[PDB]
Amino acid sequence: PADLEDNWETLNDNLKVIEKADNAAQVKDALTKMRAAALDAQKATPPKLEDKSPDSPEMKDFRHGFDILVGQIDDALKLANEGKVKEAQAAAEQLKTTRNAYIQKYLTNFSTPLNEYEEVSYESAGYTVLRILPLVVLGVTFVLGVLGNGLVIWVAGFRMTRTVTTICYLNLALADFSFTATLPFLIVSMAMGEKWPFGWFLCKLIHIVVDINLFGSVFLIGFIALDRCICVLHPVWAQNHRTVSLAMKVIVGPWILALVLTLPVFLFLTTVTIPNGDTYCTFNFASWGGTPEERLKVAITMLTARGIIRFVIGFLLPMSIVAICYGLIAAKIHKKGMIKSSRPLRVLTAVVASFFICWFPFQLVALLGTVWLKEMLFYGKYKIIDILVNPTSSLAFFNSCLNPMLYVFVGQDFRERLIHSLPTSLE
């Protein structure tokens, strides 16, 4: 067992002490601490992790790089024991160059998504059908989403009467429609092993439309829950204050919040080109500001902040609202008689179950991937997290075509209004 993080923390910390010089034994004290850290860093090599065997063309080369690292440490160490602090610091500059090679080697392999279509570890027929499965789910979500939410845009948007309810369903329909309309670009990207055959402009346009509407979808779901909660708990306040004019103002909130949380996509998402002929639409971590050492710490904190916001703001906030609001509604109906209970109980327990079943797996996988970010960076561990992204993503994406039946067409006025709008159709 060994921790590469504390090793490279010791290596970078002592490299700064060597630049301070100020003495001769101070360079020797730092280089000795660097040599101990480089030895442990050689012990933390993933030799057993990737084909455990002696004398290998790819396993004995990552261990040979530390020999050149330890070799350069001795070069600066022999010149330090001779009192010459100038030749010792000059040899430490080459020691920084190889350190920048390992940091870039960690960042490039990290920003490169693992192409599970060519890896031998996922060659079995089981993994082969589990890669087509999220593609099929996105396929049926594309057709059902653009039609299901398209009908709501037409019916509840132009055929029904402008109420607070129809405005809520229209915004929810415009969110899921704009999202599901980008599924063809994401299904061919997932089918090519996370590659991006589209331009740099589409890499930023599509993933912004995705993050804005998906954030909007869950935020509006919680907004509908809040509005439904106030009607049942405060019916007198609703008829005297719940107006269409007020709903026009307070509903821009969820969209502004979805727009701000998408700024990281607008600024740091771009098309990167791997050394061979492969293009990926990801965060270009190996092309940010500061020293290469600084690019390592800002990459973890950025993805940590992104994983926290995805879980807390993107799930804990709407899930708590949905659970509490419909829970307070279930208590208000349990109080008085069954006058308001015109909708079956399967309707009340579906908006809280469909939102949880669809989002919790993906939110759980993305959350585990955030707490194991460093384990994936220094060791490439927890590859099951990457494997489960697409399957759990498609499940959450499928919620964008279930909301029409859960919220809109579950009522009586919407379903019959759609029938009379289409001429000569089956009932």
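Each residue number is its position in the shown sequence, starting from 1.
- In this entry, 46-54 shows the higher mean Cα temperature factor of the pair 46-54 and 355-363.
- Mean CA temperature factor is higher for 56-64 when stretches 56-64 and 381-389 are set side by side in the entry.
- When the C-alpha B-factors of 227, 211, 93, 176 are ranked from the entry, the top spot goes to 93.
- When the C-alpha B-factors of 313, 220, 339, 206 are ranked from the entry, the top spot goes to 339.
- Sort the modelled residues of the chain by CA B factor and residue 328 lands in the middle third.
- Among the modelled residues of its chain, residue 89 has a C-alpha B-factor that falls in the highest third, as given in the PDB entry.
- The PDB entry assigns residue 401 a C-alpha temperature factor belonging to the middle third of its chain's modelled residues.
- Among the modelled residues of its chain, residue 76 has a C-alpha B-factor that falls in the highest third according to the deposited record.
- Ranked by C-alpha B-factor against the other modelled residues of its chain, residue 291 falls in the highest third.
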